[PDB]
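*Asks:* Structure provided below as structure tokens; questions to follow.
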Number of protein chains: 2
Amino acid sequence: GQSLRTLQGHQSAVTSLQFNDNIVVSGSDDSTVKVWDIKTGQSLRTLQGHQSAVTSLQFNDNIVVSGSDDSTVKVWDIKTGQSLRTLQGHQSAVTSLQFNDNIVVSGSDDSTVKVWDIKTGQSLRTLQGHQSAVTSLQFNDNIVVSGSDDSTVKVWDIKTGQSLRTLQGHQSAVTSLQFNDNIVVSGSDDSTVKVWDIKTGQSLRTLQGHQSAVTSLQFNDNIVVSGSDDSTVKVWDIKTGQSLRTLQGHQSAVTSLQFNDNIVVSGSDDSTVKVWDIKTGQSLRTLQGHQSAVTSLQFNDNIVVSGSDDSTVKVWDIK
Amino acid sequence: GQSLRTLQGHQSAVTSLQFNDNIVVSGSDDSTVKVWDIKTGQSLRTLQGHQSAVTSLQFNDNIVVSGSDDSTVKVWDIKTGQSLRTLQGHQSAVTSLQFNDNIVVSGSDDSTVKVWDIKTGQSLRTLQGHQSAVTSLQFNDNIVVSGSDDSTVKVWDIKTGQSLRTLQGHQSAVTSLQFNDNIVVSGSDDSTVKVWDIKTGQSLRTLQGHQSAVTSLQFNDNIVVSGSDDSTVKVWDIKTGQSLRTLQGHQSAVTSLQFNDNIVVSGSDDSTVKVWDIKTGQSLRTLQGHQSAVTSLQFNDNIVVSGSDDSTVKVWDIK
């Protein structure tokens, strides 16, 4: 659980990050995206262009796609660091995004989701229906799934731009979601996680247990893992809807999480990252070093990469 | 209940505002503070200097004091628009501030509160004790009262910098607070409002009823008025601790509120401002016009001034 290196360069809080075997890409309230060598910790490029905070990002081998409080999405050449195109259309901040080789999908405080051609920068569809800000989204080849401050999840036909169905049940804003070909899982300010049939729109299970808002979630075939403002992480049986175990140790809200078959990794407003055994619920390591809240994280077999309100990214030895 | 004028100029969301009989002062994610003529809607000055979003502000007839995600507080000459001094010392974003003619008090994501000489810009004391970000604060000539993501409220001796007492009881982050000579009133992500004896630190009443986080509050000698992510505003009897009435009408979270002896004014993620009769709980007017969430508001007897994620400030005829 040792800190390997600290990546310094951002002038304000890190809001988002992603990494692979070679590089880390971070977004910050300082309006920039930075690309780092993960082995040396050296910043390689600073992507300048956004007029206000970067809220979301994703990258592959060739490009970076970033969303910002300036209401735009930008596509970058990750090798040269130059802005390739700026996707304008949203009327307020972009809150979330995802892309593949053909399409960018963005969500905004303007209550819409927009689908863009990533090669031309042209908006293809505007998904209208939510009554307030879009907070979260995911998409595949066929559909887009969005969550909103209006407490609903909506399923859209990405080709026609039509709303297929609206999933109602949460009592306050949807904060997070994930789906596969059969199931949508959503988290909400109402402190619950809900499991939905994606084809019928029917809620199947309501996971009750958290004492305050759910901030983050992930699921697979058998289990759901959720993080909450109540400072805990909970592991749920997705079939029975029962709480399997509660992971206690953080001293304030859990802000982010990721898990695999063996390990849960959580980040918290208490400035730490914790590594947990998912089968037993036991904390294995507490990663201490950040000076303020952890905002984002990702891990693999060897390392954890975390971003913080202290403006740094840290790389950790997970063992 | 009509829109009188729309103040356009900010390039991203308005985060904070204050007004008097002549002037509106607004802060924005675009890193600027703008000063407007309230009667004509004309921007008079743009205060440029912060390197990232402005999170908080206050002004009087001579100066503006602003806090930013760039970790600084700046003091401005409101007539010339020039930066008088920059107050550096916090290690992460400034979240809250208040000043009088002698001192500035700031709260930060670095978990500290700092007291500054406003004439010289010199930090006088750093209040250390909270375990995570400070979210809210208020001070007078003797004491500072702070709320934190660590779920506590702390009372400080502003002359010595010593923590006098820690108010424990909330089960998650404190989001808002107000105090007078007798009591402290705090709101929390645990969905409750708590009333405390400020001299002894003892909790007197826990106001239970909201279904999700409390986002905003105000109180007088008789009543507490609270807003929540459950989309409602509640009026409470501060002596008995019972809910008097629930104001329903907003379609998503209430973000801000203010009240006087006759009227409650609330702002919401549903992009509207609502005016309510505080005695009957009846909504009187719904102010429609903003294109996305209302983030901040203030009102007097004649007008309401609102700021929004749509980057505008609007002035409304409250009648």
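Convention: chains lettered A, B, ... in structure tokens order; per-chain residue numbering from 1; ligands numbered from 1 as shown.
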Give me the residues within 8 Å of residue 213 (chain A) as number ranges by chain, counting only C-alpha atoms and dropping any in the same chain fewer than 2 places off.

*Replies:* A: 188-192, 210-211, 215, 228-230; B: 189, 212-213

*Asks:* Given the selection you just returned, output its residues as a file containing C-alpha atoms, formatted as a short mmCIF file (atom, residue, chain, number, x, y, z; two decimals), in the first residue's frame.

*Replies:*
data_model
loop_
_atom_site.label_atom_id
_atom_site.label_comp_id
_atom_site.auth_asym_id
_atom_site.auth_seq_id
_atom_site.Cartn_x
_atom_site.Cartn_y
_atom_site.Cartn_z
CA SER A 188 -29.90 7.79 -6.06
CA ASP A 189 -29.91 10.58 -3.49
CA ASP A 190 -32.82 8.66 -1.92
CA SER A 191 -30.15 6.27 -0.45
CA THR A 192 -31.30 3.25 -2.49
CA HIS A 210 -27.54 2.97 3.13
CA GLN A 211 -28.36 5.84 5.47
CA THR A 215 -22.71 8.24 -4.82
CA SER A 228 -22.59 6.25 -0.06
CA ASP A 229 -22.46 9.55 1.79
CA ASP A 230 -22.88 7.44 4.94
CA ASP B 189 -26.69 14.90 4.19
CA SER B 212 -32.93 13.00 1.63
CA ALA B 213 -30.13 15.49 2.25
#

*Asks:* Env of residue 176 (chain A): 6 Å cut, atoms = only C-alpha atoms, seq-sep filter 3 positions within chain, self excluded. Answer as a compact mmCIF listing (two decimals) with N, CA and C atoms, in the first residue's frame.

*Replies:*
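out10.txt written:
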# COMPACT_ATOMS: atom_id res chain seq x y z
N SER A 136 -25.63 11.17 -15.42
CA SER A 136 -24.91 9.94 -15.70
C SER A 136 -25.46 9.33 -16.98
N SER A 186 -29.17 1.45 -10.83
CA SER A 186 -29.12 2.89 -10.61
C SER A 186 -28.95 3.21 -9.13
N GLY A 187 -28.25 4.31 -8.86
CA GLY A 187 -28.09 4.81 -7.50
C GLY A 187 -28.65 6.21 -7.40
N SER A 216 -21.95 6.18 -5.89
CA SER A 216 -21.20 5.41 -6.87
C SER A 216 -21.65 3.96 -6.79

*Asks:* What parts of region 191-274 of chain B does DSSP call strand (DSSP E or B)? I'd like the answer as a ChimeraX atom specification.

*Replies:* /B:193-197,203-207,214-219,223-228,233-237,243-247,254-259,263-268,273-274

*Asks:* Can you list, as an NGL selection string, every protein, DNA or RNA residue that comes within 10 Å of region 57-62 of chain B when you count only C-alpha atoms, leaving out same-chain residues fewer than 4 positions away?

*Replies:* :B and (15-20 or 22-27 or 33 or 66-68 or 73-80 or 95-101)

*Asks:* Please check the contacts: residues of chain A at most 10 Å away from chain B, using only C-alpha atoms, listed as a PDB file with N, CA and C atoms, in the first residue's frame.

*Replies:*
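As a result, result.pdb now contains:
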ATOM      1  N   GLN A  11      -3.353  22.913 -11.320  1.00  0.00           N
ATOM      2  CA  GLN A  11      -3.396  24.054 -10.417  1.00  0.00           C
ATOM      3  C   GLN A  11      -4.611  24.045  -9.499  1.00  0.00           C
ATOM      4  N   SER A  12      -5.530  23.104  -9.684  1.00  0.00           N
ATOM      5  CA  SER A  12      -6.674  22.936  -8.798  1.00  0.00           C
ATOM      6  C   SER A  12      -7.117  21.477  -8.871  1.00  0.00           C
ATOM      7  N   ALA A  13      -8.254  21.180  -8.242  1.00  0.00           N
ATOM      8  CA  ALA A  13      -8.662  19.803  -7.986  1.00  0.00           C
ATOM      9  C   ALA A  13      -8.702  18.959  -9.255  1.00  0.00           C
ATOM     10  N   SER A  28      -9.168  18.436 -14.676  1.00  0.00           N
ATOM     11  CA  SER A  28      -9.040  19.276 -13.493  1.00  0.00           C
ATOM     12  C   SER A  28      -9.947  20.495 -13.566  1.00  0.00           C
ATOM     13  N   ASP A  29     -10.259  21.033 -12.383  1.00  0.00           N
ATOM     14  CA  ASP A  29     -10.952  22.311 -12.280  1.00  0.00           C
ATOM     15  C   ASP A  29     -10.141  23.468 -12.854  1.00  0.00           C
ATOM     16  N   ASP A  30      -8.861  23.260 -13.189  1.00  0.00           N
ATOM     17  CA  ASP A  30      -8.053  24.316 -13.793  1.00  0.00           C
ATOM     18  C   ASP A  30      -8.290  24.455 -15.296  1.00  0.00           C
ATOM     19  N   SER A  31      -9.245  23.693 -15.842  1.00  0.00           N
ATOM     20  CA  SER A  31      -9.734  23.702 -17.231  1.00  0.00           C
ATOM     21  C   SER A  31      -8.853  22.909 -18.189  1.00  0.00           C
ATOM     22  N   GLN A  51     -12.631  26.517 -21.404  1.00  0.00           N
ATOM     23  CA  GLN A  51     -12.698  27.805 -20.732  1.00  0.00           C
ATOM     24  C   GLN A  51     -13.021  27.691 -19.251  1.00  0.00           C
ATOM     25  N   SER A  52     -13.421  26.513 -18.786  1.00  0.00           N
ATOM     26  CA  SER A  52     -13.686  26.280 -17.373  1.00  0.00           C
ATOM     27  C   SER A  52     -13.434  24.803 -17.087  1.00  0.00           C
ATOM     28  N   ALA A  53     -13.810  24.368 -15.882  1.00  0.00           N
ATOM     29  CA  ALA A  53     -13.387  23.074 -15.356  1.00  0.00           C
ATOM     30  C   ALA A  53     -13.713  21.928 -16.306  1.00  0.00           C
ATOM     31  N   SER A  68     -16.722  19.683 -20.292  1.00  0.00           N
ATOM     32  CA  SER A  68     -16.349  20.826 -19.471  1.00  0.00           C
ATOM     33  C   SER A  68     -17.570  21.625 -19.037  1.00  0.00           C
ATOM     34  N   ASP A  69     -17.384  22.377 -17.948  1.00  0.00           N
ATOM     35  CA  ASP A  69     -18.376  23.350 -17.509  1.00  0.00           C
ATOM     36  C   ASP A  69     -18.604  24.458 -18.529  1.00  0.00           C
ATOM     37  N   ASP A  70     -17.768  24.563 -19.565  1.00  0.00           N
ATOM     38  CA  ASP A  70     -17.980  25.572 -20.596  1.00  0.00           C
ATOM     39  C   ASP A  70     -19.014  25.145 -21.631  1.00  0.00           C
ATOM     40  N   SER A  71     -19.669  24.001 -21.415  1.00  0.00           N
ATOM     41  CA  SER A  71     -20.760  23.414 -22.206  1.00  0.00           C
ATOM     42  C   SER A  71     -20.278  22.699 -23.461  1.00  0.00           C
ATOM     43  N   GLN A  91     -26.310  23.699 -23.912  1.00  0.00           N
ATOM     44  CA  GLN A  91     -26.539  25.056 -23.441  1.00  0.00           C
ATOM     45  C   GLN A  91     -25.992  25.303 -22.041  1.00  0.00           C
ATOM     46  N   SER A  92     -25.512  24.267 -21.363  1.00  0.00           N
ATOM     47  CA  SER A  92     -24.869  24.410 -20.065  1.00  0.00           C
ATOM     48  C   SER A  92     -23.878  23.261 -19.901  1.00  0.00           C
ATOM     49  N   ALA A  93     -23.318  23.140 -18.699  1.00  0.00           N
ATOM     50  CA  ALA A  93     -22.159  22.285 -18.468  1.00  0.00           C
ATOM     51  C   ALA A  93     -22.394  20.849 -18.921  1.00  0.00           C
ATOM     52  N   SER A 108     -25.691  16.636 -20.058  1.00  0.00           N
ATOM     53  CA  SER A 108     -25.503  18.038 -19.717  1.00  0.00           C
ATOM     54  C   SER A 108     -26.505  18.500 -18.669  1.00  0.00           C
ATOM     55  N   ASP A 109     -26.119  19.566 -17.959  1.00  0.00           N
ATOM     56  CA  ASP A 109     -27.035  20.260 -17.066  1.00  0.00           C
ATOM     57  C   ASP A 109     -28.218  20.880 -17.804  1.00  0.00           C
ATOM     58  N   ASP A 110     -28.191  20.929 -19.142  1.00  0.00           N
ATOM     59  CA  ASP A 110     -29.320  21.456 -19.905  1.00  0.00           C
ATOM     60  C   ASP A 110     -30.446  20.436 -20.075  1.00  0.00           C
ATOM     61  N   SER A 111     -30.324  19.270 -19.432  1.00  0.00           N
ATOM     62  CA  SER A 111     -31.298  18.168 -19.358  1.00  0.00           C
ATOM     63  C   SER A 111     -31.300  17.283 -20.597  1.00  0.00           C
ATOM     64  N   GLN A 131     -36.417  16.245 -17.315  1.00  0.00           N
ATOM     65  CA  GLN A 131     -36.919  17.527 -16.842  1.00  0.00           C
ATOM     66  C   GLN A 131     -35.859  18.365 -16.146  1.00  0.00           C
ATOM     67  N   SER A 132     -34.699  17.789 -15.849  1.00  0.00           N
ATOM     68  CA  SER A 132     -33.597  18.518 -15.239  1.00  0.00           C
ATOM     69  C   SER A 132     -32.300  17.817 -15.628  1.00  0.00           C
ATOM     70  N   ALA A 133     -31.198  18.234 -15.004  1.00  0.00           N
ATOM     71  CA  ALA A 133     -29.864  17.884 -15.481  1.00  0.00           C
ATOM     72  C   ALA A 133     -29.675  16.380 -15.633  1.00  0.00           C
ATOM     73  N   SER A 148     -30.923  11.225 -14.257  1.00  0.00           N
ATOM     74  CA  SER A 148     -31.190  12.656 -14.196  1.00  0.00           C
ATOM     75  C   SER A 148     -31.569  13.100 -12.790  1.00  0.00           C
ATOM     76  N   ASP A 149     -31.391  14.405 -12.551  1.00  0.00           N
ATOM     77  CA  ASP A 149     -31.879  15.026 -11.324  1.00  0.00           C
ATOM     78  C   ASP A 149     -33.394  14.952 -11.199  1.00  0.00           C
ATOM     79  N   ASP A 150     -34.107  14.588 -12.268  1.00  0.00           N
ATOM     80  CA  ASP A 150     -35.559  14.471 -12.191  1.00  0.00           C
ATOM     81  C   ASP A 150     -36.012  13.151 -11.572  1.00  0.00           C
ATOM     82  N   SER A 151     -35.064  12.353 -11.069  1.00  0.00           N
ATOM     83  CA  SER A 151     -35.232  11.081 -10.351  1.00  0.00           C
ATOM     84  C   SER A 151     -35.516   9.904 -11.275  1.00  0.00           C
ATOM     85  N   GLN A 171     -36.958   8.359  -5.482  1.00  0.00           N
ATOM     86  CA  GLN A 171     -37.635   9.507  -4.894  1.00  0.00           C
ATOM     87  C   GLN A 171     -36.849  10.802  -5.034  1.00  0.00           C
ATOM     88  N   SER A 172     -35.590  10.731  -5.455  1.00  0.00           N
ATOM     89  CA  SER A 172     -34.782  11.917  -5.696  1.00  0.00           C
ATOM     90  C   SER A 172     -33.762  11.582  -6.780  1.00  0.00           C
ATOM     91  N   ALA A 173     -32.822  12.501  -7.002  1.00  0.00           N
ATOM     92  CA  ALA A 173     -31.963  12.462  -8.179  1.00  0.00           C
ATOM     93  C   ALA A 173     -31.232  11.132  -8.323  1.00  0.00           C
ATOM     94  N   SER A 188     -29.109   6.574  -6.199  1.00  0.00           N
ATOM     95  CA  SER A 188     -29.901   7.788  -6.057  1.00  0.00           C
ATOM     96  C   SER A 188     -29.624   8.489  -4.736  1.00  0.00           C
ATOM     97  N   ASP A 189     -29.913   9.795  -4.723  1.00  0.00           N
ATOM     98  CA  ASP A 189     -29.908  10.576  -3.494  1.00  0.00           C
ATOM     99  C   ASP A 189     -30.911  10.066  -2.470  1.00  0.00           C
ATOM    100  N   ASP A 190     -31.848   9.195  -2.862  1.00  0.00           N
ATOM    101  CA  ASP A 190     -32.823   8.664  -1.915  1.00  0.00           C
ATOM    102  C   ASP A 190     -32.260   7.525  -1.064  1.00  0.00           C
ATOM    103  N   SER A 191     -30.961   7.238  -1.206  1.00  0.00           N
ATOM    104  CA  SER A 191     -30.153   6.267  -0.450  1.00  0.00           C
ATOM    105  C   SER A 191     -30.328   4.835  -0.937  1.00  0.00           C
ATOM    106  N   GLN A 211     -27.696   4.827   4.665  1.00  0.00           N
ATOM    107  CA  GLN A 211     -28.364   5.835   5.475  1.00  0.00           C
ATOM    108  C   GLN A 211     -28.435   7.197   4.799  1.00  0.00           C
ATOM    109  N   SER A 212     -27.746   7.377   3.676  1.00  0.00           N
ATOM    110  CA  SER A 212     -27.804   8.617   2.916  1.00  0.00           C
ATOM    111  C   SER A 212     -27.464   8.297   1.463  1.00  0.00           C
ATOM    112  N   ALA A 213     -27.284   9.347   0.659  1.00  0.00           N
ATOM    113  CA  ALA A 213     -27.247   9.212  -0.793  1.00  0.00           C
ATOM    114  C   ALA A 213     -26.220   8.184  -1.255  1.00  0.00           C
ATOM    115  N   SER A 228     -21.556   5.357  -0.564  1.00  0.00           N
ATOM    116  CA  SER A 228     -22.586   6.255  -0.059  1.00  0.00           C
ATOM    117  C   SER A 228     -21.993   7.390   0.761  1.00  0.00           C
ATOM    118  N   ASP A 229     -22.789   8.458   0.886  1.00  0.00           N
ATOM    119  CA  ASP A 229     -22.459   9.553   1.789  1.00  0.00           C
ATOM    120  C   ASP A 229     -22.417   9.110   3.244  1.00  0.00           C
ATOM    121  N   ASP A 230     -22.925   7.918   3.565  1.00  0.00           N
ATOM    122  CA  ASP A 230     -22.879   7.439   4.941  1.00  0.00           C
ATOM    123  C   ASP A 230     -21.522   6.853   5.315  1.00  0.00           C
ATOM    124  N   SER A 231     -20.537   6.959   4.416  1.00  0.00           N
ATOM    125  CA  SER A 231     -19.129   6.559   4.564  1.00  0.00           C
ATOM    126  C   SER A 231     -18.907   5.063   4.387  1.00  0.00           C
ATOM    127  N   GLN A 251     -13.981   7.556   7.095  1.00  0.00           N
ATOM    128  CA  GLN A 251     -14.475   8.485   8.099  1.00  0.00           C
ATOM    129  C   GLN A 251     -15.429   9.529   7.533  1.00  0.00           C
ATOM    130  N   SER A 252     -15.613   9.564   6.217  1.00  0.00           N
ATOM    131  CA  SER A 252     -16.582  10.445   5.580  1.00  0.00           C
ATOM    132  C   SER A 252     -16.994   9.812   4.254  1.00  0.00           C
ATOM    133  N   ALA A 253     -17.754  10.564   3.456  1.00  0.00           N
ATOM    134  CA  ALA A 253     -18.462  10.001   2.311  1.00  0.00           C
ATOM    135  C   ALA A 253     -17.532   9.265   1.354  1.00  0.00           C
ATOM    136  N   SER A 268     -12.601   8.380  -0.824  1.00  0.00           N
ATOM    137  CA  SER A 268     -13.447   9.031   0.168  1.00  0.00           C
ATOM    138  C   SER A 268     -13.055  10.487   0.377  1.00  0.00           C
ATOM    139  N   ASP A 269     -14.023  11.259   0.881  1.00  0.00           N
ATOM    140  CA  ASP A 269     -13.768  12.619   1.337  1.00  0.00           C
ATOM    141  C   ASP A 269     -12.784  12.677   2.498  1.00  0.00           C
ATOM    142  N   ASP A 270     -12.464  11.544   3.131  1.00  0.00           N
ATOM    143  CA  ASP A 270     -11.498  11.539   4.225  1.00  0.00           C
ATOM    144  C   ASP A 270     -10.052  11.554   3.735  1.00  0.00           C
ATOM    145  N   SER A 271      -9.850  11.660   2.416  1.00  0.00           N
ATOM    146  CA  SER A 271      -8.570  11.794   1.702  1.00  0.00           C
ATOM    147  C   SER A 271      -7.852  10.466   1.495  1.00  0.00           C
ATOM    148  N   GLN A 291      -3.917  15.105   0.547  1.00  0.00           N
ATOM    149  CA  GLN A 291      -4.160  16.111   1.570  1.00  0.00           C
ATOM    150  C   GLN A 291      -5.618  16.531   1.665  1.00  0.00           C
ATOM    151  N   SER A 292      -6.458  16.099   0.731  1.00  0.00           N
ATOM    152  CA  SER A 292      -7.887  16.378   0.776  1.00  0.00           C
ATOM    153  C   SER A 292      -8.605  15.277   0.000  1.00  0.00           C
ATOM    154  N   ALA A 293      -9.909  15.466  -0.209  1.00  0.00           N
ATOM    155  CA  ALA A 293     -10.783  14.393  -0.671  1.00  0.00           C
ATOM    156  C   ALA A 293     -10.266  13.726  -1.941  1.00  0.00           C
ATOM    157  N   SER A 308      -7.406  13.811  -6.611  1.00  0.00           N
ATOM    158  CA  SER A 308      -7.793  14.428  -5.351  1.00  0.00           C
ATOM    159  C   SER A 308      -8.041  15.921  -5.509  1.00  0.00           C
ATOM    160  N   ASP A 309      -8.824  16.459  -4.569  1.00  0.00           N
ATOM    161  CA  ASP A 309      -8.996  17.900  -4.444  1.00  0.00           C
ATOM    162  C   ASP A 309      -7.695  18.622  -4.120  1.00  0.00           C
ATOM    163  N   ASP A 310      -6.629  17.901  -3.763  1.00  0.00           N
ATOM    164  CA  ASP A 310      -5.348  18.544  -3.499  1.00  0.00           C
ATOM    165  C   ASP A 310      -4.570  18.847  -4.776  1.00  0.00           C
ATOM    166  N   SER A 311      -5.186  18.610  -5.938  1.00  0.00           N
ATOM    167  CA  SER A 311      -4.698  18.891  -7.296  1.00  0.00           C
ATOM    168  C   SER A 311      -3.702  17.858  -7.808  1.00  0.00           C
TER     169      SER A 311
END

*Asks:* From the options A:88, A:83, A:282, A:2, which residue's atoms come nearest to residue 32 (chain A), counting only C-alpha atoms?

*Replies:*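 Answer, going by the shortest atom-to-atom distance: A:83.
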
*Asks:* Could you name the residues that touch residue 317 (chain B) at 8 Å or less, counting only C-alpha atoms, but leaving out those on the same chain fewer than 5 positions away, as an mmCIF file with N, CA, C and O atoms, in the first residue's frame?

*Replies:*
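As written to disk, selection.cif reads:
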data_model
loop_
_atom_site.group_PDB
_atom_site.id
_atom_site.type_symbol
_atom_site.label_atom_id
_atom_site.label_comp_id
_atom_site.auth_asym_id
_atom_site.auth_seq_id
_atom_site.Cartn_x
_atom_site.Cartn_y
_atom_site.Cartn_z
ATOM 1 N N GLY B 1 -45.175 38.260 -10.701
ATOM 2 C CA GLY B 1 -44.191 37.197 -10.803
ATOM 3 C C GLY B 1 -43.504 37.118 -12.152
ATOM 4 O O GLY B 1 -43.200 36.029 -12.641
ATOM 5 N N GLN B 2 -43.248 38.276 -12.753
ATOM 6 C CA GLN B 2 -42.700 38.348 -14.097
ATOM 7 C C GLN B 2 -41.206 38.647 -14.066
ATOM 8 O O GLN B 2 -40.695 39.282 -13.141
ATOM 9 N N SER B 3 -40.512 38.172 -15.095
ATOM 10 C CA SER B 3 -39.096 38.465 -15.259
ATOM 11 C C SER B 3 -38.925 39.911 -15.707
ATOM 12 O O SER B 3 -39.478 40.320 -16.733
ATOM 13 N N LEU B 4 -38.167 40.690 -14.936
ATOM 14 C CA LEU B 4 -37.946 42.089 -15.289
ATOM 15 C C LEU B 4 -36.818 42.240 -16.303
ATOM 16 O O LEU B 4 -36.950 42.989 -17.278
ATOM 17 N N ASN B 302 -39.458 43.874 -2.905
ATOM 18 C CA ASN B 302 -39.916 44.108 -4.269
ATOM 19 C C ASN B 302 -39.505 43.003 -5.236
ATOM 20 O O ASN B 302 -40.324 42.545 -6.039
ATOM 21 N N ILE B 303 -38.242 42.577 -5.195
ATOM 22 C CA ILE B 303 -37.678 41.795 -6.284
ATOM 23 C C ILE B 303 -37.020 40.527 -5.759
ATOM 24 O O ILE B 303 -36.652 40.418 -4.589
ATOM 25 N N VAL B 304 -36.876 39.565 -6.667
ATOM 26 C CA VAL B 304 -36.060 38.375 -6.470
ATOM 27 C C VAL B 304 -34.936 38.415 -7.494
ATOM 28 O O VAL B 304 -35.154 38.788 -8.652
#

*Asks:* Residues near residue 201 (chain A), anyone? I mean within 8 Å using only C-alpha atoms, not counting same-chain ones fewer than 4 positions away, as a compact mmCIF listing (two decimals) with N, CA, C and O atoms, in the first residue's frame.

*Replies:*
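Output file out_17.txt follows:
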# COMPACT_ATOMS: atom_id res chain seq x y z
N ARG A 165 -38.39 4.07 -23.02
CA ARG A 165 -39.15 3.93 -21.79
C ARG A 165 -38.48 4.74 -20.70
O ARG A 165 -37.29 5.07 -20.78
N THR A 166 -39.27 5.08 -19.68
CA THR A 166 -38.81 5.87 -18.55
C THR A 166 -38.96 5.03 -17.29
O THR A 166 -40.05 4.51 -17.01
N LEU A 167 -37.87 4.89 -16.54
CA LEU A 167 -37.83 4.04 -15.35
C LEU A 167 -38.04 4.93 -14.13
O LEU A 167 -37.15 5.69 -13.74
N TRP A 196 -33.28 -2.84 -12.51
CA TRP A 196 -34.37 -2.75 -13.47
C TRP A 196 -34.16 -3.73 -14.62
O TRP A 196 -33.03 -4.00 -15.04
N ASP A 197 -35.28 -4.24 -15.15
CA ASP A 197 -35.27 -4.96 -16.42
C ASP A 197 -35.19 -3.94 -17.54
O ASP A 197 -36.09 -3.11 -17.70

*Asks:* Do you know which residues are at most 12 Å from residue 240 (chain B) counting only C-alpha atoms, after dropping those on the same chain fewer than 4 positions away, and could you put them as a ChimeraX atom specification?

*Replies:* /B:195,204-207,222-224,236,244

*Asks:* Taking N, CA, C and O atoms for each residue, export the selection above as a JSON list (two decimals), in the first residue's frame.

*Replies:*
[["chain", "number", "residue", "atom", "x", "y", "z"],
["B", 195, "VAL", "N", -30.69, 21.42, 16.11],
["B", 195, "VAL", "CA", -30.60, 22.68, 16.85],
["B", 195, "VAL", "C", -29.73, 22.44, 18.07],
["B", 195, "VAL", "O", -29.95, 21.48, 18.82],
["B", 204, "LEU", "N", -30.21, 20.17, 21.10],
["B", 204, "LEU", "CA", -31.49, 20.38, 21.75],
["B", 204, "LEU", "C", -32.63, 19.67, 21.04],
["B", 204, "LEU", "O", -33.50, 19.08, 21.69],
["B", 205, "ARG", "N", -32.65, 19.72, 19.71],
["B", 205, "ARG", "CA", -33.71, 19.11, 18.92],
["B", 205, "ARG", "C", -33.11, 18.56, 17.63],
["B", 205, "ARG", "O", -32.17, 19.13, 17.09],
["B", 206, "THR", "N", -33.66, 17.44, 17.17],
["B", 206, "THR", "CA", -33.37, 16.90, 15.85],
["B", 206, "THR", "C", -34.65, 16.95, 15.02],
["B", 206, "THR", "O", -35.65, 16.32, 15.39],
["B", 207, "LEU", "N", -34.62, 17.69, 13.92],
["B", 207, "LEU", "CA", -35.79, 17.89, 13.07],
["B", 207, "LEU", "C", -35.78, 16.81, 11.99],
["B", 207, "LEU", "O", -35.00, 16.86, 11.05],
["B", 222, "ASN", "N", -38.62, 31.86, 16.08],
["B", 222, "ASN", "CA", -39.70, 30.88, 16.16],
["B", 222, "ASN", "C", -39.47, 29.65, 15.29],
["B", 222, "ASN", "O", -39.73, 28.53, 15.74],
["B", 223, "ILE", "N", -39.01, 29.83, 14.06],
["B", 223, "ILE", "CA", -39.11, 28.77, 13.07],
["B", 223, "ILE", "C", -37.77, 28.51, 12.39],
["B", 223, "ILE", "O", -36.88, 29.36, 12.35],
["B", 224, "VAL", "N", -37.65, 27.30, 11.85],
["B", 224, "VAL", "CA", -36.60, 26.91, 10.93],
["B", 224, "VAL", "C", -37.25, 26.61, 9.59],
["B", 224, "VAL", "O", -38.33, 26.00, 9.54],
["B", 236, "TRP", "N", -40.45, 24.50, 10.43],
["B", 236, "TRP", "CA", -40.39, 23.79, 11.70],
["B", 236, "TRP", "C", -40.61, 24.75, 12.86],
["B", 236, "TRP", "O", -40.24, 25.92, 12.80],
["B", 244, "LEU", "N", -44.16, 21.94, 11.00],
["B", 244, "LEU", "CA", -45.40, 22.70, 10.92],
["B", 244, "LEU", "C", -46.11, 22.49, 9.59],
["B", 244, "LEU", "O", -47.32, 22.26, 9.55]]

*Asks:* Excluding residue 72 (chain A) and its own-chain neighbours fewer than 6 positions away, which residues fall within 8 Å of it when counting only C-alpha atoms? Please give them as a PyMOL selection string.

*Replies:* chain A and resi 50+86-90+93-94

*Asks:* Okay, now the selection with N, CA and C atoms, as a JSON list (two decimals), in the first residue's frame?

*Replies:*
[["chain", "number", "residue", "atom", "x", "y", "z"],
["A", 50, "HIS", "N", -10.31, 24.34, -23.07],
["A", 50, "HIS", "CA", -11.55, 24.57, -22.34],
["A", 50, "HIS", "C", -11.48, 25.87, -21.56],
["A", 86, "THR", "N", -14.10, 20.90, -31.62],
["A", 86, "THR", "CA", -14.89, 21.26, -30.45],
["A", 86, "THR", "C", -16.36, 21.02, -30.78],
["A", 87, "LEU", "N", -17.03, 20.25, -29.93],
["A", 87, "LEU", "CA", -18.42, 19.86, -30.15],
["A", 87, "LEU", "C", -19.30, 20.81, -29.35],
["A", 88, "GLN", "N", -19.96, 21.73, -30.05],
["A", 88, "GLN", "CA", -20.79, 22.75, -29.42],
["A", 88, "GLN", "C", -22.26, 22.46, -29.71],
["A", 89, "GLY", "N", -23.10, 22.69, -28.71],
["A", 89, "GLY", "CA", -24.51, 22.41, -28.84],
["A", 89, "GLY", "C", -25.23, 22.44, -27.51],
["A", 90, "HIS", "N", -24.60, 21.88, -26.48],
["A", 90, "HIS", "CA", -25.18, 21.94, -25.14],
["A", 90, "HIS", "C", -25.26, 23.39, -24.68],
["A", 93, "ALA", "N", -23.32, 23.14, -18.70],
["A", 93, "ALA", "CA", -22.16, 22.28, -18.47],
["A", 93, "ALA", "C", -22.39, 20.85, -18.92],
["A", 94, "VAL", "N", -21.36, 20.25, -19.51],
["A", 94, "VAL", "CA", -21.35, 18.82, -19.78],
["A", 94, "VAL", "C", -20.96, 18.10, -18.50]]
